[PDB]
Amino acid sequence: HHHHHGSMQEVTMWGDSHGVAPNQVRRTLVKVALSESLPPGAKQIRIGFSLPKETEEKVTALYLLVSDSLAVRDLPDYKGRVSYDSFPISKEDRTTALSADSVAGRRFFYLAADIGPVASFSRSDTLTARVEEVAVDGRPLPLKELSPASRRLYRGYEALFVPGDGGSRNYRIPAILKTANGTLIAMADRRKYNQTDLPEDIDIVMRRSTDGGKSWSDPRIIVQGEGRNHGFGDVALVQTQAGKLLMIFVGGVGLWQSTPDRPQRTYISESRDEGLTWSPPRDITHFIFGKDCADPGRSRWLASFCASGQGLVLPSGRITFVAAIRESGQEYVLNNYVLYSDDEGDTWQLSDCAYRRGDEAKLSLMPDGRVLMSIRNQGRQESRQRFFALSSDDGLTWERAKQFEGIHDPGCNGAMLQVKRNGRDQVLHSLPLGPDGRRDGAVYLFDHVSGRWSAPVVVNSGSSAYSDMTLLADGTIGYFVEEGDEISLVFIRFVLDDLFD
């Protein structure tokens, strides 16, 4: 019901549940939106709030931020693209007021905090606050609460690619690599004009860290899209046994538009200096499929792409990525084959078929030397579970491995890590929890000996999609995930006990 005796200002508020890390500045705890500007006759807005002792103990300062923009992420994540004023509050106070002139017509208010240096990082190590009152010239307004605040502390948490960064509207498709020397390489689709895939015009962008993810270089475009049907994306990364970094990606038309005579092409580029410089992209499509393929039985295949994220370099030195290949123009179906090189990338071959009606697939090395492959469930097949397969000949031949099944896949890319926990060999697997949607990015542990999956632990609640993972030299896990409906690519660091103990 809407009344007809004047204008009705409405107040909406959201508690924040993005992760945080020690020493971060101006982290949003609660956002408040007015439905309209303060009336011209207004003089002051007062905001009262609650903040428990445990959160107060973990912050060094509080602020009221005021912006003309209603932003999804912490305001410094937009690097000045969101303009805001910052009004300090003693961390002991529970109310604050601003003149209407200071507010200057703006509608969006952020209760924010500087995070202190300490944390235990346990599941219970979370920050919260609540806005309790919003009053204009002493008159309280009814508050519409849409979410509670709960920000979990992680050993590291940083949005590496945020919509607008560098002038790119959007970002998707995370890939992370740790080199033998400890360098971290983070790549992404720089989705410059919107969030859609090829044949849209897309670049590949990179950031590097030489201090374990504490700080990151300015983003660099390393492969520039040149127009619709001429973009590049879907990066996967390895480091070869010789030490060179190898990135594989696709470019051109979209997957379902690719044909044998006009393919969406697969390229590789290498770095011999920890990701500083990269070789001009080399087209390797002819090793895989299409009119230039020397295997006549693959010359009529239509499309191929390797799963974004990471490949796998075997102890022998064989370099592997799983391709998802379209063999027929009649159907929207893909089959998986391992794309591999035994000569440091000079030439490439295909395994026997690893999975029928597959999709983006990933490899990891079992403790006994076998290769485990994890296949995305496309089209809600069977019981909507993640699919698995095993190879005992270093990836040449495959058999379905139903014993690894037991986790739901809403239909999304994810990653695995082989880990040892309390003396047991286990596989960590990242996926959205769903169910049946891109929501709540989670990790699970599979115990090799019992054949049982753990309960999931949600790393990032809310909208969540592709994830990649790497082991850092000191045993911490780096988790690189698509957060939000308008995606930011976020790098989170934790140890397993932080999530499962």
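Residue numbers here begin at 1 and follow the sequence given.
Taking the PDB entry as given, 84-92 carries the higher mean Cα B factor of the two stretches 327-335 and 84-92. Across the two stretches, 131-139 and 168-176, the PDB entry reports the greater mean Cα temperature factor for 131-139. Which of 71, 354, 186, 245 has the largest Cα B-factor in the deposited entry comes down to 71. Note on the listed residues 447, 56, 468, 440: the highest Cα temperature factor in the record is that of 56. Ranked within its chain, residue 459 lands in the lowest third, by CA B factor from the PDB record. When the modelled residues of the chain are ordered by their C-alpha B factor, residue 126 lands in the highest third. In the deposited entry, the Cα temperature factor of residue 157 places it in the middle third of its chain's modelled residues. The PDB entry assigns residue 362 a C-alpha temperature factor belonging to the lowest third of its chain's modelled residues. The PDB entry assigns residue 10 a C-alpha temperature factor belonging to the highest third of its chain's modelled residues.
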